[PDB]
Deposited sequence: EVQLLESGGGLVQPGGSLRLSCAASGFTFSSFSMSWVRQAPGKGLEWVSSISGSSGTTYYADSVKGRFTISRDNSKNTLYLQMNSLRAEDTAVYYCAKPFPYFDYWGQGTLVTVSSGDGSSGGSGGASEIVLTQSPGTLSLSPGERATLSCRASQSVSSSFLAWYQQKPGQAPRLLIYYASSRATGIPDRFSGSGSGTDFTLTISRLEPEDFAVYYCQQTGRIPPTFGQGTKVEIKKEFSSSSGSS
């Protein structure tokens, strides 16, 4: 049975040092790249560092380069991560994992807390490209990193070679000249622009925008292109 067990986590001051260890068993340790992947509290996953089976190659994420050093002892089937110049940003549960760049096996993780003793809303849109035929239904998504009422989520269109134009101020309230086949829905974090039946002119790029706080940020855009 494959087992990865982490050790050495705990509380450390900013600028301090900490060395993590991972004991591997149940497989030929030297035949696998080994990795460290971390998860900040309430956040997602970030690969940290990897090392090939023979230590011939090491890889690091840019944010830890020059401060972290990965190593392994094949005679004792143990993986190490020496962490120096620790910053509050490094606070996370650190998982030992196998192999690289995907991760087939995960340990349970060890918590590293770098302690002494808001923000702007990001909009992301999906999909990047919608490939549809005229007359088909188009469903475009917009995601807000923080809660936004439907009263503060707008939609824009930009035809190729033209300027952006407003489609929807908020909710499904359309600007002048915008036909009713465009409707907006959603409130909170996830929003939808529906084009019930695509017309030739509807093949364009679409942007969502939150207008509840300054700066009023735009999503990165969804291109609706003809099949």
message: Against the full deposited sequence, which stretches does the structure leave out?
response: 118-126, 237-246
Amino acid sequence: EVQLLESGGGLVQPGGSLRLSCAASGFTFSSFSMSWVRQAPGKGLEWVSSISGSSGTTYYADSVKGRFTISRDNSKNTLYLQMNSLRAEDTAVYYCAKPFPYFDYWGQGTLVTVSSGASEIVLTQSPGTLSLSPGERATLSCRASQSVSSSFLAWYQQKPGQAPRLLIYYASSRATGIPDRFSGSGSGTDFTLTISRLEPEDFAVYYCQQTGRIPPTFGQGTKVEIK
From here on, numbers count along this sequence of modelled residues.
query: Should the higher mean CA B-factor in the entry be assigned to 149-157 or to 107-115?
result: 107-115
- request: Give the stretch, out of 56-64 and 183-191, with the larger mean C-alpha temperature factor in the deposited entry.
  value: 56-64
query: Looking at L167, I51, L198, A163, which has the biggest Cα B factor in the entry?
result: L198
- request: Place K98 in the lowest, middle or highest third of its chain's C-alpha B-factors, as listed in the PDB entry.
  value: middle
Chain third (lowest, middle, highest) by recorded CA B-factor, residue given as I121: highest
query: Of the three thirds of its chain by CA temperature factor, lowest, middle or highest, which one includes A204?
result: middle
message: Split into thirds by Cα B-factor across the chain's modelled residues, where does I214 land: lowest, middle or highest?
response: middle
statement: Binned into thirds over the chain's modelled residues, the C-alpha B-factor of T78 lands in the middle
